[PDB]
């Protein structure tokens, strides 16, 4: 007999069960300046 | 002596099955966020610097 690997929930399923992920929220939020803003440009009148 | 007899054996019902587990994955959909970054900057201009 061969026993195949079986599991009710994977690690990914358990980690995805969470409603909010701090790492992903931070990663998306901290790209705001790089996406919607021009960090490099300096304006001097 | 009266020799023992073998049991008839369990009667198996062949069939097709689907096994469901409790759902833990959140329901996901696509949303769109509309907003406005309002930035008011107060600058004091010194003799040489700002």
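Protein chains in written order, with PDB author numbering: chain B, 675 to 719; chain A, 123 to 172.
Where a beta carbon is used, it is the ideal one built from N, C-alpha and C, also for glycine.
Chain A within 8 Å of residue i, Cβ atoms only
i: residue 678 of chain B; result: no
i: residue 690 of chain B; result: yes
i: residue 682 of chain B; result: yes
i: residue 708 of chain B; result: no
i: residue 687 of chain B; result: yes
i: residue 693 of chain B; result: yes
Neighbour flag for residue i against chain B, beta carbons, 8 Å
i: residue 129 of chain A; result: no
i: residue 153 of chain A; result: no
i: residue 139 of chain A; result: no
i: residue 143 of chain A; result: yes
i: residue 126 of chain A; result: no
Span of the alpha helix (DSSP H) around residue i
i: residue 696 of chain B; result: 696 to 703
i: residue 710 of chain B; result: 706 to 710
i: residue 689 of chain B; result: 685 to 690
Cβ separation of residue i and residue j, assumed to be a contact under 8 Å, to the nearest whole Å
i: residue 147 of chain A; j: residue 690 of chain B; result: 6 Å
i: residue 172 of chain A; j: residue 162 of chain A; result: No, residue 172 of chain A and residue 162 of chain A are not in contact; Cβ-Cβ is about 16 Å, not under 8 Å.
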